[PDB]
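Here's the structure we're looking at; comments come further down.
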RNA sequence: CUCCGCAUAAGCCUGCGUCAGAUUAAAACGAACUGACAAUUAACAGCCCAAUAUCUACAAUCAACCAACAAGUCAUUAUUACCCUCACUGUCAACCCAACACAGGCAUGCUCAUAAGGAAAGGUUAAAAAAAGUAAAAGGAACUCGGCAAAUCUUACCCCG
RNA sequence: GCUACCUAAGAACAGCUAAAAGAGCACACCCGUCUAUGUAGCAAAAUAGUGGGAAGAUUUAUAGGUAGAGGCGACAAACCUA
RNA sequence: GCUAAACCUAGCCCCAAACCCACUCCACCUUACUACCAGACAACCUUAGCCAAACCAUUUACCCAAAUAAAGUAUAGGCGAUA
Ligand SMILES: [K+]
Ligand SMILES: [K+]
Ligand SMILES: [K+]
Ligand SMILES: [K+]
Ligand SMILES: [K+]
Ligand SMILES: [Mg+2]
Ligand SMILES: [Mg+2]
Ligand SMILES: [Mg+2]
Ligand SMILES: [Mg+2]
Ligand SMILES: [Mg+2]
Ligand SMILES: [Mg+2]
Ligand SMILES: [Mg+2]
Ligand SMILES: [Mg+2]
Ligand SMILES: [Mg+2]
Ligand SMILES: [Mg+2]
Ligand SMILES: [Mg+2]
Ligand SMILES: [Mg+2]
Ligand SMILES: [Mg+2]
Ligand SMILES: [Mg+2]
Ligand SMILES: [Mg+2]
Ligand SMILES: [Mg+2]
Ligand SMILES: [Mg+2]
Ligand SMILES: [Mg+2]
Ligand SMILES: [Mg+2]
Ligand SMILES: [Mg+2]
Ligand SMILES: [Mg+2]
Ligand SMILES: [Mg+2]
Ligand SMILES: [Mg+2]
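Protein chains in written order, with the numbering used here: chain A, 1 to 124; chain B, 125 to 170; chain C, 171 to 211; chain D, 212 to 308; chain E, 309 to 334; chain F, 335 to 486; chain G, 487 to 667; chain H, 668 to 872.
Laid out in structure tokens, this is it:
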């Protein structure tokens, strides 16, 4: 006699069922004796809003802007734009070595970094 | 006396008797879920 | 090949044309008119 | 009621298309070709029905024997049940014994 | 819809007869 | 943020920071009488009151004192074709109290003054319809239904 | 403050409001990360304003002055997200070589279906997790029949689709004789 | 989005309109209209083209196409092949009779030759630069596609940037220097936020 | 009239709030039917509590006298670890289980006749038969299988357990 | 999730005599002796009157357990979703 | 004259050929679709009957890798049904 098709939410069931279910909000703390909630400021997300004073860009773009070709950024393109000039310069100067790719910009291990590419330990 | 009211609703009882975990606990319930998936039921478990 | 009857109208009319001066439903209902038409003949 | 009130669209049959024009060609292939090929080899259709004829039970048995391993589960089950029913009907029921 | 042309033709002729009866020509 | 995997937190560790948040809110007119310093918003489920307070204080620089949130449930009673229930989406209603005695009132976003200005544009078809209707006259009873086109 | 949630008071009540084009992927690539951040926040403010205006229009039973502005803002924000994601993916491929930022694996479920299981963040090792161990990532030899039945059902669907397409092509050729050439 | 049903009969009205919804209800199921499968490379009738009506009501009059419907291979000319309908009719006001054009199939209209007002046959031929243009088979006459009003209705010449419209120079100013750095790191360094506590290892499974 | 009523629990999930229509209510405007728009804001409840050893014989019944048997819901200590805070979910209604706007079923706290909740009669006439009541001359079980029903609120027995 | 039995932790039982009660009268509450009505009914077992129990082998809320070549049964060949 | 009647497509069936499925983001084995703590629970084992033998008890065909033929031959069987 229960609507199986309907979505099972926190508004259905007894008090325990209603209290043990959430709407998807991330936790920002933990419970301790006396049903007392302790909040963690670090677990609470902190918005990063820059200063918009003097920013010349606007939500819309004038229709007089000329059309430009679309080229999605690739790993090879990024390497050519960033690391290739320095690598070519060092190779021509003779200072190139196969052991200082980290000096050129390579990251051997993501461990020990605040922002890690894989696994991603940072938010958008 | 008067019959027809044999179904007394209870969410805890319903979920315990018929549920995803209850079905997957035993191989027979897994087969029931498989039959429902093959038939195309929108609701596989209570 | 599925075959279906298409001239049932004419088959019914071949009997109902003889049952039009009767009284009641035995001049327009085939299952009732067919028995009276045979008796009339 | 039960009869259309309008004439159906006229039906035109191309009596001289390629298929009707070349129907029956190469039927006497064995007779007029030193019997290299049999006329039954020109029949196209089910693999179990090529130069063979029989009743429903024989057709079902032949299909199960030849392509039974390649059939779907439901189709094979239905074929087995049909074979059982046909066996019972043809060996236990009827008017002439 | 049933396959056939003879029944439709015969019923069309009967309908034409009925139309002539309903609207007699001069 | 929404539909993202929050990094797991351990004792100590860094601070969880979001740089490009995808939480979009909308200031809705309250349907019932509210205090002057009270502002009502509609927000997604994944947004908490603390997150809303930080959002307002960091993006719009609005002083916030107290936030109270509730979950509003949409109606699933409607039956469309094929007798299938259609679910109106649920949302979260948030009430925010201004933190320095400021008062907010929802403005009239559709002033009749601007909606009916002196400068207006009329379609050619509409103007033709209006002119033709004005030119055409109702049939006088004394004519008795006789057409009023023939000059004779 | 709270004024940013509403459009310009002069523009309030206007039937139509002029707007420009939406930022393209190449234009956003031409800009730096900080510029993209600031533009994202500006677009977020504009999107909030447009959503508020649309909701108030629905409340007052009046048409929105310009619905296309919301679509343009959404497209611009999606393009910005695409550019940022492309940059992040390229950097990840260079530094580590992994395609995806979230670890995952190909696992067979309890129903025998091959799925992509995305790993979750935990504190205890994998073997010490009672709830994780309660999950089954293998299929016992009683699901083969159901897998075969599902495969046969999919084959039937595909055969029906192909046969219907061929019948439609034949009908089209019959109606238009000149399509034979 | 106005998701079209599997069998949605197109007509002389834009999809997702009040007229279409008064017609084309979600519960309607009509016989499909068989349409000749003209490929994108075979359709030679565009908006603004001056075509001559053949076999139609006018049967010879030349007019400009005002609307194209490739779903049913329809091109509608302006002021030609018209039937009279009462628009804006009320209980007493008979309404203003106006002529509404009926759609014409591709086979019923033939594009006129710019060289000679007589109709011509279109053959798609690529130019030296690779631009495929409609060439008259009668005398090798190039038929350029007529210019049509822009989709957004904004003329580039008659357009002044608004308060919320970025200028061309600002939109084209490239300030992106590629580097092996993330947006989060760049924003952190730009704004001056400094973090010293590292992210400890978490088990992924 | 008041069988109740109010609130919680359980159950259901927007199911008589506003506007624009009136299909429809076992008549009919009401609106419970259609579309759009609003809403229920935590203090009340749910969601709790580090480890290793260790402690816990003396009922409740106003718990004081007696009085029991069926022998009873309602405790710690030692050491180590431990600065940090107010997150999330339920809050609507004339409502649940019985195919129904069903005389049925439905756990608690308060009220004990109400401060809260409702209307037995669509209009007319007053035939038969039928149903629920009131009153009855004289007799008072003569009725009937039987004092069945109704009224008043007896005595003496027998069989079985 | 009805019902037969059991398990864990709960709840209710006005007033009167005697108080020592598987005690008596008598409400809530449980059950259903007799009559009338109803028999497609209000109800696939009900309503009205009249009845038995009502501090106990009593009634009852919640969660769990016993599954058919069986369960369970103060044996009625009971009950195990009308 | 009402109620009505009529329609031609949606698509489906049998073959042939070819060995098909798989992950925008997020969530989903606990009460599935629920961001985030100390586990150890792990699969394998003759099918039986209806029915026929006019009851029934032994018995009673169920594709197992080439169409046909050998051949319903040898052979088995309450030497019966039948295999
Ligand atoms: K026989
Ligand atoms: K409800
Ligand atoms: K007697
Ligand atoms: K009842
Ligand atoms: K028998
Ligand atoms: Mg039922
Ligand atoms: Mg119960
Ligand atoms: Mg709350
Ligand atoms: Mg509290
Ligand atoms: Mg309330
Ligand atoms: Mg009860
Ligand atoms: Mg009152
Ligand atoms: Mg009455
Ligand atoms: Mg009356
Ligand atoms: Mg008397
Ligand atoms: Mg007597
Ligand atoms: Mg006496
Ligand atoms: Mg007598
Ligand atoms: Mg009596
Ligand atoms: Mg006794
Ligand atoms: Mg106990
Ligand atoms: Mg008492
Ligand atoms: Mg007693
Ligand atoms: Mg008593
Ligand atoms: Mg007995
Ligand atoms: Mg007996
Ligand atoms: Mg037998
Ligand atoms: Mg027998």
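All C-beta atoms, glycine included, are put in the ideal place defined by N, C-alpha and C.
> Roughly how many whole angstroms lie between the Cα atoms of residue 804(H) and residue 710(H)?
Replying inline: 16 Å
>> When you compare the CB of residue 195(C) with every CB in chain D, is at least one pair closer than 8 Å?
In response: no
> From the DSSP output, which residues share a beta bridge with residue 406(F)?
Replying inline: 425(F)
> For residue 604(G), which of helix, strand or coil comes out of DSSP?
Replying inline: strand
>> Below 7 Å on C-beta distance, what does residue 487(G) contact in chain F?
In response: 394, 395, 396
> Out of 204(C), 171(C), 194(C), 191(C), which has the shortest C-alpha to C-alpha gap to residue 185(C)?
Replying inline: 204(C)
>> If the cut-off is 9 Å on Cβ atoms, which residues from the region 520–547 of chain G count as contacting chain A, listed in chain order?
In response: 520, 521, 523, 524, 525, 527, 528, 529, 531, 532, 533
> What is the DSSP secondary structure of residue 569(G), reduced to helix, strand or coil?
Replying inline: helix
> Which chain H residues sit within Cβ distance under 7 Å of residue 517(G)?
Replying inline: 842, 843
>> Any beta carbon of chain D sitting closer than 8 Å to that of residue 320(E)?
In response: yes
> Whose CA, out of 845(H), 823(H), 871(H), lies closest to the CA of residue 507(G)?
Replying inline: 823(H)
> Between the C-alpha atoms of residue 611(G) and residue 98(A), what's the straight-line distance to the nearest angstrom?
Replying inline: 37 Å
> Skipping 5 residues on each side, what residues in its chain have a beta carbon closer than 8 Å to that of residue 27(A)?
Replying inline: 43
> How would you call residue 865(H), buried or exposed, if buried means at least 16 neighbouring beta carbons within 10 angstroms?
Replying inline: exposed
>> Please tell me whether residue 45(A) has its Cβ less than 8 Å away from any Cβ of chain F.
In response: yes
> When you compare only the Cα positions, how much space is there between residue 133(B) and residue 19(A)?
Replying inline: 20 Å
> How would you list, in chain order, the residues of chain G whose beta-carbon sits under 9 Å from the beta-carbon of residue 50(A)?
Replying inline: 520, 523, 524, 527
> Is the beta carbon of residue 169(B) less than 8 Å from the beta carbon of residue 143(B)?
Replying inline: yes
> According to DSSP, is residue 764(H) helix, strand or coil?
Replying inline: strand
>> Comparing C-alpha positions only, which one of 871(H), 717(H), 770(H) sits nearest to residue 729(H)?
In response: 717(H)
> Which whole-angstrom value is the C-beta distance of residue 192(C) and residue 206(C), which I expect to be below 8 Å?
Replying inline: 6 Å
>> Going by C-alpha to C-alpha distance, which of 480(F), 457(F), 369(F), 379(F) sits closest to residue 10(A)?
In response: 379(F)
> residue 284(D) lies in the beta strand (DSSP E); which residues open and close that run?
Replying inline: Note, residue 284(D): premise wrong, no beta strand (DSSP E); alpha helix (DSSP H) at 284–303.
> If you measure from the beta carbon of residue 636(G) to each beta carbon in chain B, is any gap under 8 Å?
Replying inline: yes
> By how many angstroms is the C-alpha of residue 323(E) removed from the C-alpha of residue 219(D)?
Replying inline: 15 Å
>> Rounded to whole angstroms, what is the Cα-Cα separation between residue 708(G) and residue 525(G)?
In response: Residue 708(G) cannot be examined here, being either before or after the span of chain G that is shown, 487 to 667.
> In angstroms, rounded to a whole number, what distance separates the CA positions of residue 588(G) and residue 700(H)?
Replying inline: 49 Å
> Using the C-alpha atoms, what's the distance from residue 182(C) back to residue 325(E)?
Replying inline: 18 Å
>> Among 383(F), 468(F), 338(F), 381(F), whose alpha-carbon lies nearest the alpha-carbon of residue 759(H)?
In response: 468(F)
> Closest by CA to residue 297(D), which one among 266(D), 282(D), 248(D), 238(D)?
Replying inline: 266(D)
> Rounded to the nearest angstrom, how far is the Cβ of residue 733(H) from that of residue 712(H), given a contact under 8 Å?
Replying inline: At roughly 12 Å, the Cβ-Cβ gap does not stay under 8 Å, so residue 733(H) and residue 712(H) are not in contact.
>> For ligand 7, is there any heavy atom lying closer than 7 Å to the beta carbon of residue 132(B)?
In response: yes
> Just to check, is the beta-carbon of residue 404(F) closer than 7 Å to a non-hydrogen atom of ligand 8?
Replying inline: yes
>> In the DSSP assignment, the beta strand (DSSP E) including residue 790(H) goes from what residue to what residue?
In response: 789–793
> Between the C-alpha atoms of residue 726(H) and residue 656(G), what's the straight-line distance to the nearest angstrom?
Replying inline: 33 Å
>> To the nearest angstrom, how far is the alpha carbon of residue 210(C) from that of residue 187(C)?
In response: 13 Å
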